[PDB]
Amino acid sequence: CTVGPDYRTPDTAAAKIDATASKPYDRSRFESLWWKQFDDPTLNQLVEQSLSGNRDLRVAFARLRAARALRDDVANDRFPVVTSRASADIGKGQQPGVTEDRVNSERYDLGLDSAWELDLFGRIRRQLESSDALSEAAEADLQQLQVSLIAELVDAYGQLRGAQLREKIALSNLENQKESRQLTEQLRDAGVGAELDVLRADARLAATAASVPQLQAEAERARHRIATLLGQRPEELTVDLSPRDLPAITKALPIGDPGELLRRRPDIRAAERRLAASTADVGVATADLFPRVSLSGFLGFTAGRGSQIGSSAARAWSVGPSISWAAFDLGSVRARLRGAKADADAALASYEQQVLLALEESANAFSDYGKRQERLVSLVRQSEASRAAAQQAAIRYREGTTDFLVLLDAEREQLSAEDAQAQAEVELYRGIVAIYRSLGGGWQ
(Lines of atoms letter the chains of each structure in order from A and count residues from 1; the text may use other names and numbers.)
(Lines give C-alpha, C1' and ligand atoms only; values in the text may rest on other atoms or scores of the structure.)
Protein backbone atom coordinates (compact mmCIF):
# COMPACT_ATOMS: atom_id res chain seq x y z
CA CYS A 1 0.00 0.00 0.00
CA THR A 2 1.00 3.64 -0.15
CA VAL A 3 0.56 5.54 3.13
CA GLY A 4 0.25 9.28 3.76
CA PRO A 5 -2.04 11.77 2.04
CA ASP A 6 -3.09 11.22 -1.56
CA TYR A 7 -2.51 14.56 -3.29
CA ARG A 8 -5.39 16.35 -4.95
CA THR A 9 -4.84 19.64 -6.80
CA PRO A 10 -6.44 22.58 -4.97
CA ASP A 11 -9.92 23.50 -6.13
CA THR A 12 -8.85 27.04 -7.17
CA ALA A 13 -11.63 29.24 -8.55
CA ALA A 14 -11.21 30.62 -12.02
CA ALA A 15 -9.95 34.20 -12.34
CA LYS A 16 -12.74 36.78 -12.67
CA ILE A 17 -11.96 40.16 -14.31
CA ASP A 18 -15.25 42.01 -15.14
CA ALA A 19 -13.41 44.75 -17.11
CA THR A 20 -12.50 42.24 -19.80
CA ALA A 21 -16.20 42.26 -21.05
CA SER A 22 -15.68 45.80 -22.53
CA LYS A 23 -14.73 46.89 -26.10
CA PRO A 24 -10.91 47.17 -25.84
CA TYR A 25 -10.85 43.30 -25.56
CA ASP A 26 -11.74 40.19 -27.54
CA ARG A 27 -12.52 37.19 -25.29
CA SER A 28 -13.41 34.90 -28.22
CA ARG A 29 -9.77 33.90 -28.90
CA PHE A 30 -6.30 33.97 -27.28
CA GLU A 31 -3.19 34.59 -29.39
CA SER A 32 -0.29 32.52 -27.89
CA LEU A 33 2.34 34.23 -30.04
CA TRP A 34 0.97 37.51 -28.79
CA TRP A 35 3.78 39.78 -29.87
CA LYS A 36 3.18 38.95 -33.57
CA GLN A 37 0.06 41.13 -33.36
CA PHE A 38 2.29 44.20 -33.49
CA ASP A 39 3.09 43.24 -37.16
CA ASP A 40 6.77 44.13 -36.57
CA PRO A 41 9.18 41.74 -38.27
CA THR A 42 12.20 43.25 -36.41
CA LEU A 43 10.53 42.45 -33.07
CA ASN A 44 9.66 38.99 -34.28
CA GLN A 45 13.27 38.32 -35.25
CA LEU A 46 14.46 39.54 -31.82
CA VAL A 47 12.13 37.12 -30.05
CA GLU A 48 13.25 34.20 -32.24
CA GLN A 49 16.94 34.95 -31.63
CA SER A 50 16.34 35.28 -27.84
CA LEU A 51 14.68 31.88 -27.63
CA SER A 52 17.81 30.37 -29.22
CA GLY A 53 20.45 32.42 -27.53
CA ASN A 54 19.27 33.60 -24.12
CA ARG A 55 21.59 32.16 -21.41
CA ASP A 56 19.06 32.24 -18.50
CA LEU A 57 16.78 30.06 -20.63
CA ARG A 58 19.75 27.68 -21.18
CA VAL A 59 20.26 27.50 -17.42
CA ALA A 60 16.57 26.62 -16.96
CA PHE A 61 16.76 23.84 -19.62
CA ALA A 62 19.84 22.47 -17.76
CA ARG A 63 18.00 22.53 -14.45
CA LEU A 64 15.17 20.56 -16.03
CA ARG A 65 17.69 17.90 -17.23
CA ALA A 66 19.15 17.82 -13.70
CA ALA A 67 15.69 17.26 -12.17
CA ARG A 68 14.92 14.43 -14.58
CA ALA A 69 18.27 12.82 -13.70
CA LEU A 70 17.49 12.91 -10.01
CA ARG A 71 14.08 11.28 -10.70
CA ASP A 72 15.75 8.55 -12.77
CA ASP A 73 18.07 7.64 -9.91
CA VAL A 74 15.18 7.40 -7.39
CA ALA A 75 13.08 5.31 -9.80
CA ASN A 76 15.62 2.45 -9.57
CA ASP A 77 14.94 2.09 -5.87
CA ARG A 78 11.72 0.26 -6.70
CA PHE A 79 13.77 -2.86 -7.62
CA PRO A 80 16.64 -4.80 -6.19
CA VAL A 81 19.95 -3.08 -6.46
CA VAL A 82 22.59 -5.64 -7.49
CA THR A 83 26.24 -4.68 -7.22
CA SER A 84 29.45 -6.70 -7.34
CA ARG A 85 32.30 -7.21 -4.88
CA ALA A 86 35.61 -9.07 -4.30
CA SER A 87 36.84 -8.75 -0.69
CA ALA A 88 38.94 -10.43 1.93
CA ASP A 89 39.54 -10.21 5.63
CA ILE A 90 42.96 -11.44 6.69
CA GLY A 91 44.47 -11.20 10.15
CA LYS A 92 46.22 -12.73 13.15
CA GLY A 93 45.08 -12.59 16.73
CA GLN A 94 43.03 -14.24 19.46
CA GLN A 95 39.51 -15.46 18.64
CA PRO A 96 37.45 -14.62 21.78
CA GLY A 97 35.26 -17.57 22.76
CA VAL A 98 37.22 -19.98 20.49
CA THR A 99 40.93 -19.63 21.49
CA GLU A 100 43.46 -17.49 23.45
CA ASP A 101 46.13 -18.48 21.03
CA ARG A 102 46.92 -15.92 18.31
CA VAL A 103 45.69 -17.70 15.14
CA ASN A 104 45.78 -16.77 11.48
CA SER A 105 42.37 -16.16 9.91
CA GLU A 106 41.39 -15.49 6.35
CA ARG A 107 38.13 -15.17 4.45
CA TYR A 108 37.59 -14.39 0.76
CA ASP A 109 34.31 -13.44 -0.94
CA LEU A 110 33.59 -12.75 -4.60
CA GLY A 111 30.15 -12.27 -5.99
CA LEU A 112 26.95 -10.24 -6.38
CA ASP A 113 25.39 -8.31 -3.52
CA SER A 114 21.68 -7.47 -3.66
CA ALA A 115 19.84 -4.90 -1.52
CA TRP A 116 16.08 -4.61 -1.79
CA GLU A 117 13.66 -2.47 0.25
CA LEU A 118 10.33 -4.23 -0.31
CA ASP A 119 8.13 -1.20 -0.66
CA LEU A 120 5.29 -2.45 1.52
CA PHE A 121 4.07 0.92 2.75
CA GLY A 122 5.04 2.96 -0.27
CA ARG A 123 7.96 5.00 1.03
CA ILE A 124 9.76 4.56 -2.27
CA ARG A 125 6.64 5.09 -4.35
CA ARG A 126 6.11 8.39 -2.53
CA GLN A 127 9.78 9.39 -3.15
CA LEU A 128 9.30 8.79 -6.88
CA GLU A 129 5.95 10.66 -6.84
CA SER A 130 7.85 13.58 -5.27
CA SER A 131 10.74 13.43 -7.78
CA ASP A 132 8.33 13.21 -10.74
CA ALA A 133 6.42 16.29 -9.46
CA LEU A 134 9.68 18.21 -9.06
CA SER A 135 10.64 17.39 -12.68
CA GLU A 136 7.29 18.85 -13.76
CA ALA A 137 7.96 21.91 -11.58
CA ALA A 138 11.25 22.41 -13.36
CA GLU A 139 9.51 22.23 -16.69
CA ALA A 140 7.02 24.85 -15.55
CA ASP A 141 9.90 27.03 -14.25
CA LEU A 142 11.43 26.88 -17.78
CA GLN A 143 8.12 27.87 -19.36
CA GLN A 144 7.73 30.72 -16.88
CA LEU A 145 11.22 32.00 -17.75
CA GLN A 146 10.15 32.02 -21.41
CA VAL A 147 7.03 34.05 -20.52
CA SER A 148 9.11 36.49 -18.48
CA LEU A 149 11.90 36.72 -21.10
CA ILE A 150 9.56 37.42 -24.00
CA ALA A 151 7.75 40.09 -22.04
CA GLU A 152 11.01 41.71 -20.90
CA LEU A 153 12.37 41.74 -24.42
CA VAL A 154 9.21 43.06 -26.05
CA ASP A 155 9.07 45.69 -23.33
CA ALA A 156 12.72 46.72 -23.88
CA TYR A 157 12.06 47.06 -27.62
CA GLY A 158 9.22 49.44 -26.76
CA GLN A 159 11.48 51.43 -24.55
CA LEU A 160 13.99 51.65 -27.37
CA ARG A 161 11.36 52.84 -29.83
CA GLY A 162 10.10 55.28 -27.21
CA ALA A 163 13.51 56.85 -26.76
CA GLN A 164 13.87 57.12 -30.51
CA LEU A 165 10.45 58.73 -30.82
CA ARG A 166 11.17 61.15 -27.99
CA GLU A 167 14.51 62.10 -29.63
CA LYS A 168 12.71 62.80 -32.94
CA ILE A 169 10.24 65.01 -31.01
CA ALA A 170 13.02 66.78 -29.13
CA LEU A 171 14.87 67.49 -32.40
CA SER A 172 11.75 68.77 -34.21
CA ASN A 173 11.06 71.11 -31.28
CA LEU A 174 14.72 72.13 -31.19
CA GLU A 175 14.42 73.23 -34.84
CA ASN A 176 11.31 75.29 -34.11
CA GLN A 177 13.10 76.89 -31.11
CA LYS A 178 16.24 77.57 -33.24
CA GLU A 179 14.01 79.34 -35.76
CA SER A 180 12.44 81.55 -33.13
CA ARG A 181 15.84 82.22 -31.48
CA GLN A 182 17.02 83.41 -34.95
CA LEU A 183 13.94 85.62 -35.16
CA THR A 184 14.66 87.16 -31.73
CA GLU A 185 18.19 88.06 -32.92
CA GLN A 186 16.92 89.52 -36.20
CA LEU A 187 14.34 91.71 -34.51
CA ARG A 188 16.88 92.77 -31.88
CA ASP A 189 19.49 93.60 -34.60
CA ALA A 190 16.91 95.62 -36.66
CA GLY A 191 16.10 97.76 -33.63
CA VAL A 192 12.63 96.33 -32.95
CA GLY A 193 13.48 93.56 -30.48
CA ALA A 194 15.19 93.03 -27.19
CA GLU A 195 18.26 91.40 -25.74
CA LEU A 196 15.89 89.94 -23.09
CA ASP A 197 14.06 88.04 -25.76
CA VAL A 198 17.26 86.56 -27.21
CA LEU A 199 18.57 85.50 -23.82
CA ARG A 200 15.31 83.71 -22.99
CA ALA A 201 15.26 82.03 -26.40
CA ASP A 202 18.90 80.90 -25.87
CA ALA A 203 18.07 79.43 -22.46
CA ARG A 204 15.15 77.41 -23.73
CA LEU A 205 17.09 76.23 -26.83
CA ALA A 206 19.82 74.93 -24.51
CA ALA A 207 17.27 73.18 -22.25
CA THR A 208 15.83 71.39 -25.25
CA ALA A 209 19.29 70.56 -26.60
CA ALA A 210 20.22 69.01 -23.22
CA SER A 211 17.33 66.50 -23.52
CA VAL A 212 18.74 64.98 -26.71
CA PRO A 213 21.84 63.18 -25.27
CA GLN A 214 19.76 61.97 -22.34
CA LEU A 215 17.31 60.29 -24.75
CA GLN A 216 20.18 58.89 -26.81
CA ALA A 217 21.69 57.41 -23.63
CA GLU A 218 18.31 55.75 -22.85
CA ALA A 219 18.18 54.27 -26.36
CA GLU A 220 21.68 52.88 -26.01
CA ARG A 221 20.91 51.30 -22.63
CA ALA A 222 17.82 49.64 -24.27
CA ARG A 223 19.92 48.34 -27.15
CA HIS A 224 22.45 46.85 -24.71
CA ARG A 225 19.64 45.22 -22.67
CA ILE A 226 18.23 43.72 -25.90
CA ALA A 227 21.66 42.33 -26.79
CA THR A 228 22.00 40.54 -23.49
CA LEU A 229 18.43 39.22 -23.69
CA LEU A 230 19.38 37.73 -27.10
CA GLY A 231 22.52 36.10 -25.65
CA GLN A 232 24.66 38.54 -27.67
CA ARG A 233 27.51 40.93 -26.97
CA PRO A 234 26.65 44.65 -27.32
CA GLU A 235 28.80 45.16 -30.42
CA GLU A 236 27.62 41.94 -32.12
CA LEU A 237 23.88 42.43 -32.38
CA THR A 238 22.66 40.83 -35.62
CA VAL A 239 19.34 42.73 -35.91
CA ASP A 240 19.16 46.28 -37.32
CA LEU A 241 17.63 48.55 -34.60
CA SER A 242 17.69 51.83 -36.56
CA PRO A 243 14.58 53.95 -35.80
CA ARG A 244 11.13 52.74 -36.70
CA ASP A 245 7.74 53.79 -35.33
CA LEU A 246 6.53 52.33 -32.04
CA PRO A 247 4.31 49.40 -32.92
CA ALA A 248 0.57 49.36 -32.33
CA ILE A 249 -2.40 46.97 -32.14
CA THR A 250 -5.59 48.55 -33.50
CA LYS A 251 -7.88 45.44 -33.24
CA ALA A 252 -9.49 44.50 -29.92
CA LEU A 253 -6.89 42.44 -27.99
CA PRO A 254 -7.46 38.69 -28.15
CA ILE A 255 -7.21 37.74 -24.49
CA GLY A 256 -9.29 34.58 -24.43
CA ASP A 257 -11.26 33.77 -21.37
CA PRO A 258 -9.58 35.41 -18.37
CA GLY A 259 -10.88 32.44 -16.45
CA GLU A 260 -8.22 30.31 -18.02
CA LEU A 261 -5.27 32.46 -16.91
CA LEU A 262 -4.48 30.50 -13.77
CA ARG A 263 -4.31 27.25 -15.75
CA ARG A 264 -2.19 28.85 -18.47
CA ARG A 265 0.41 30.57 -16.27
CA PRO A 266 3.48 28.39 -15.77
CA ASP A 267 4.39 29.98 -12.44
CA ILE A 268 1.06 28.73 -11.03
CA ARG A 269 1.75 25.22 -12.32
CA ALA A 270 5.28 25.26 -10.89
CA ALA A 271 3.99 26.21 -7.48
CA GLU A 272 1.21 23.53 -7.76
CA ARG A 273 3.83 20.89 -8.69
CA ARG A 274 5.96 21.94 -5.69
CA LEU A 275 2.86 21.50 -3.54
CA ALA A 276 2.26 18.04 -5.04
CA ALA A 277 5.92 17.12 -4.31
CA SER A 278 5.70 18.35 -0.73
CA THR A 279 2.50 16.36 -0.21
CA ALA A 280 4.24 13.18 -1.44
CA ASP A 281 7.09 13.94 0.98
CA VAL A 282 4.56 13.75 3.86
CA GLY A 283 3.94 10.19 2.71
CA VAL A 284 7.61 9.37 2.68
CA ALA A 285 7.76 10.49 6.32
CA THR A 286 4.49 8.67 7.16
CA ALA A 287 5.92 5.34 5.96
CA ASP A 288 8.53 5.50 8.73
CA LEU A 289 5.77 5.02 11.31
CA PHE A 290 5.48 1.47 9.92
CA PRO A 291 7.98 -1.36 9.76
CA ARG A 292 10.68 -1.40 7.06
CA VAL A 293 11.00 -4.81 5.33
CA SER A 294 14.19 -5.45 3.43
CA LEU A 295 15.91 -8.37 1.75
CA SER A 296 19.65 -8.60 1.19
CA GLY A 297 21.35 -11.37 -0.84
CA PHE A 298 24.74 -12.66 -1.88
CA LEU A 299 25.54 -15.01 -4.73
CA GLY A 300 29.03 -16.11 -5.68
CA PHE A 301 31.96 -17.65 -3.78
CA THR A 302 33.18 -17.68 -0.18
CA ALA A 303 36.23 -19.53 1.09
CA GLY A 304 38.84 -19.67 3.82
CA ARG A 305 41.52 -20.14 1.23
CA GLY A 306 41.76 -17.68 -1.63
CA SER A 307 42.91 -20.35 -3.98
CA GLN A 308 39.43 -21.92 -3.94
CA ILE A 309 37.55 -18.78 -5.07
CA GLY A 310 35.76 -19.43 -8.34
CA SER A 311 35.65 -23.22 -7.77
CA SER A 312 32.54 -25.36 -7.18
CA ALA A 313 33.73 -26.12 -3.68
CA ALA A 314 33.53 -22.44 -2.80
CA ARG A 315 30.08 -21.62 -4.26
CA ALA A 316 28.00 -19.72 -1.81
CA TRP A 317 24.62 -17.97 -1.46
CA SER A 318 22.95 -16.15 1.33
CA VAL A 319 19.76 -14.17 1.99
CA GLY A 320 19.22 -11.64 4.75
CA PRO A 321 15.51 -10.83 5.38
CA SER A 322 15.03 -8.11 7.90
CA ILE A 323 12.11 -6.19 9.46
CA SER A 324 12.91 -3.07 11.49
CA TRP A 325 10.53 -0.76 13.36
CA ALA A 326 11.23 2.41 15.21
CA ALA A 327 9.57 1.22 18.41
CA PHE A 328 10.62 3.45 21.32
CA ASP A 329 12.12 5.91 18.85
CA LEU A 330 8.76 6.57 17.26
CA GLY A 331 8.92 9.99 18.81
CA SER A 332 11.76 10.87 16.43
CA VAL A 333 9.79 9.54 13.48
CA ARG A 334 6.80 11.64 14.52
CA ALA A 335 9.07 14.74 14.77
CA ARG A 336 10.21 14.21 11.17
CA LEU A 337 6.60 13.72 10.11
CA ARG A 338 5.62 17.02 11.74
CA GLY A 339 8.41 18.63 9.80
CA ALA A 340 7.15 17.20 6.50
CA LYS A 341 3.62 18.35 7.35
CA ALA A 342 4.89 21.85 8.04
CA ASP A 343 6.78 21.91 4.76
CA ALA A 344 3.61 20.91 2.91
CA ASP A 345 1.63 23.59 4.68
CA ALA A 346 4.27 26.13 3.63
CA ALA A 347 4.00 24.87 0.05
CA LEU A 348 0.19 25.26 0.12
CA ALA A 349 0.34 28.79 1.44
CA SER A 350 3.04 29.63 -1.09
CA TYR A 351 0.87 28.28 -3.90
CA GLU A 352 -2.04 30.36 -2.66
CA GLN A 353 0.16 33.44 -2.53
CA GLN A 354 1.27 32.79 -6.13
CA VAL A 355 -2.38 32.68 -7.17
CA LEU A 356 -3.08 35.95 -5.43
CA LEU A 357 -0.07 37.61 -6.98
CA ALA A 358 -1.17 36.44 -10.43
CA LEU A 359 -4.66 37.81 -9.89
CA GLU A 360 -3.15 41.13 -8.66
CA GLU A 361 -0.90 41.33 -11.72
CA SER A 362 -3.75 40.64 -14.09
CA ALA A 363 -6.09 43.03 -12.32
CA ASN A 364 -3.43 45.71 -12.49
CA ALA A 365 -2.67 45.10 -16.18
CA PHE A 366 -6.28 45.43 -17.21
CA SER A 367 -6.96 48.45 -15.01
CA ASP A 368 -3.80 50.22 -16.26
CA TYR A 369 -4.56 49.47 -19.97
CA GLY A 370 -8.04 50.99 -19.90
CA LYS A 371 -6.78 54.07 -18.09
CA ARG A 372 -3.79 54.45 -20.45
CA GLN A 373 -6.21 54.49 -23.43
CA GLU A 374 -8.28 57.19 -21.74
CA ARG A 375 -5.23 59.26 -20.81
CA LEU A 376 -4.00 59.14 -24.41
CA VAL A 377 -7.20 60.67 -25.76
CA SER A 378 -6.60 63.75 -23.57
CA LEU A 379 -2.93 63.97 -24.42
CA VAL A 380 -3.64 63.84 -28.18
CA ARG A 381 -6.00 66.77 -27.71
CA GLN A 382 -3.35 68.59 -25.62
CA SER A 383 -0.78 68.13 -28.39
CA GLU A 384 -3.09 69.32 -31.14
CA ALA A 385 -4.11 72.44 -29.25
CA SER A 386 -0.51 73.16 -28.17
CA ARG A 387 0.77 73.03 -31.74
CA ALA A 388 -1.95 75.32 -32.99
CA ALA A 389 -1.22 77.75 -30.18
CA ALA A 390 2.52 77.76 -30.86
CA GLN A 391 1.91 78.39 -34.57
CA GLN A 392 -0.38 81.32 -33.82
CA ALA A 393 1.93 82.76 -31.18
CA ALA A 394 4.88 82.67 -33.68
CA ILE A 395 2.85 84.64 -36.28
CA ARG A 396 1.92 87.20 -33.66
CA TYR A 397 5.45 87.63 -32.28
CA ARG A 398 6.88 88.04 -35.80
CA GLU A 399 4.19 90.62 -36.51
CA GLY A 400 4.80 92.48 -33.25
CA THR A 401 1.25 91.87 -31.78
CA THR A 402 2.37 89.67 -28.87
CA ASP A 403 5.30 89.63 -26.38
CA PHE A 404 8.07 86.96 -26.68
CA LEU A 405 7.04 85.28 -23.42
CA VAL A 406 3.73 84.28 -25.17
CA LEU A 407 5.72 82.45 -27.86
CA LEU A 408 8.23 80.98 -25.43
CA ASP A 409 5.48 79.60 -23.20
CA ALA A 410 3.66 78.20 -26.21
CA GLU A 411 6.82 76.48 -27.39
CA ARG A 412 7.45 75.03 -23.96
CA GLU A 413 3.90 73.70 -23.90
CA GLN A 414 4.17 72.18 -27.39
CA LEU A 415 7.26 70.23 -26.37
CA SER A 416 5.86 69.22 -23.04
CA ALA A 417 2.59 68.01 -24.69
CA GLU A 418 4.25 66.15 -27.54
CA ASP A 419 6.74 64.44 -25.26
CA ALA A 420 3.97 63.47 -22.76
CA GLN A 421 1.89 62.01 -25.60
CA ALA A 422 4.94 59.96 -26.74
CA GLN A 423 5.52 58.67 -23.23
CA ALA A 424 1.84 57.74 -23.03
CA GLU A 425 2.03 55.81 -26.32
CA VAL A 426 4.95 53.90 -24.82
CA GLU A 427 2.92 53.22 -21.68
CA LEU A 428 0.13 51.86 -23.78
CA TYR A 429 2.53 49.51 -25.58
CA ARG A 430 4.03 48.43 -22.26
CA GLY A 431 0.48 47.88 -20.98
CA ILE A 432 -0.20 45.39 -23.73
CA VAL A 433 2.92 43.51 -22.72
CA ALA A 434 1.83 43.52 -19.08
CA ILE A 435 -1.58 42.05 -20.03
CA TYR A 436 -0.04 39.15 -22.03
CA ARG A 437 2.59 38.48 -19.40
CA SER A 438 -0.18 38.32 -16.76
CA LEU A 439 -2.17 35.86 -18.86
CA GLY A 440 0.78 33.47 -19.19
CA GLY A 441 1.29 34.13 -22.93
CA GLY A 442 4.20 32.91 -24.89
CA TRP A 443 5.54 29.48 -23.80
CA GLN A 444 6.33 26.11 -25.60
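Numbers for residues come from their place in the sequence shown, where the first is 1.
Between 391 to 399 and 53 to 61, which has the higher average C-alpha B-factor in the PDB entry? According to the entry, 391 to 399 carries the higher average C-alpha B-factor.
Pick between 401 to 409 and 24 to 32: the one whose mean CA B-factor in the entry is higher. Mean C-alpha B-factor is greater for 24 to 32.
Out of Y157, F366, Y351, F79, which residue has the highest Cα temperature factor in the PDB record? Checking the PDB record, the top C-alpha B-factor among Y157, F366, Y351, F79 is at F79.
In terms of recorded Cα temperature factor, pick the maximum from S131, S311, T228, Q144. Of the candidates given, the C-alpha B-factor peaks at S311.
In terms of the CA temperature factor given in the entry, to which third of its chain does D40 belong: lowest, middle or highest? According to the entry, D40 has a C-alpha B-factor in the chain's middle third.
Among the modelled residues of its chain, does the C-alpha B-factor of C1 lie in the lowest, middle or highest third? Its C-alpha B-factor belongs to the highest third of this chain's values.
Third assignment of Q186 from its chain's C-alpha B-factors: Tercile = middle for this residue's CA B-factor.
Sort the modelled residues of this chain by their C-alpha B factor and say whether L428 lands in the lowest, middle or highest third. CA B-factor rank for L428: middle third.
Chain-relative CA temperature factor third for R263: For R263, the deposited C-alpha B-factor lands in the highest third.
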